[PDB]
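Take a look at this one chain, the form deposited in one PDB entry, written out in structure tokens.
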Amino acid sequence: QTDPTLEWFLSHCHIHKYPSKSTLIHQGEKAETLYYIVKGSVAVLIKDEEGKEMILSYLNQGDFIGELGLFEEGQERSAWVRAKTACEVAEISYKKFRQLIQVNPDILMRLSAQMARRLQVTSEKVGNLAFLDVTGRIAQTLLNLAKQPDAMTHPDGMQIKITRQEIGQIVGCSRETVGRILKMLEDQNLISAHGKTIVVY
């Protein structure tokens, strides 16, 4: 939930609300502010020259955002961050945050812990993209999804609400191809798809 250290930090921040689908951070912007999700979830994405989008990660309540430019001035935001649901996010200037670190470094410890987890997760993603064919990547994804907090249940494993587009942004493939692969998987008796709902055996 929360504690006095986190609340001490938050009392130094201004809270802003972001409707679902609104962009909090744009790639290329000058990085001078740190964010903290008090409520809601977001998606972190990068793009290709022709507009193809790839989702690097989903982040939720309790997660810091916009932290990558904190340790060196003059850096640009490394990706776009968009609200997945309605969000309430705390924000504070890098300058003010660095001053807080000196008062109580524990706040930096908490931020660093999340960066470490993100590097582990992103590195696993590199491996999947390099060693698994699109079919195996989709297979693996239909699992990592049952890990998210928004994940639900079902007698035969668990149910999730994911679209072809969302899957494609995660594995690096068109909606069309994702559709063909999903059909093969349920043909291989691995899953059961019903609209935007899927059953993971």
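So that the term is clear: the rigid core is the largest set of C-alpha atoms that superpose within 1.5 Å between two forms. Residue numbers run from 1 along the displayed sequence. Shifts are known only where both forms have a C-alpha.
Below, we turn to the form deposited in another entry, even though it does not appear here.
Novice: Is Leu132 one of the residues whose Cα moves 2 Å or more between the shown form and the other one, with the core superposed?
Specialist: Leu132 C-alpha, core-superposed: shift of less than 2 Å.
Novice: For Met152, is the CA shift between the shown form and the other one at least 2 Å following rigid-core superposition?
Specialist: The answer is yes, as the C-alpha of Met152 shifts between the shown form and the other one by 2 Å or more after core alignment.
Novice: Once the rigid core is overlaid, which residue runs, three or more long, move by 2 Å or more at each CA between the shown form and the other one?
Specialist: Runs moving 2 Å or more: 146-149, 151-157.
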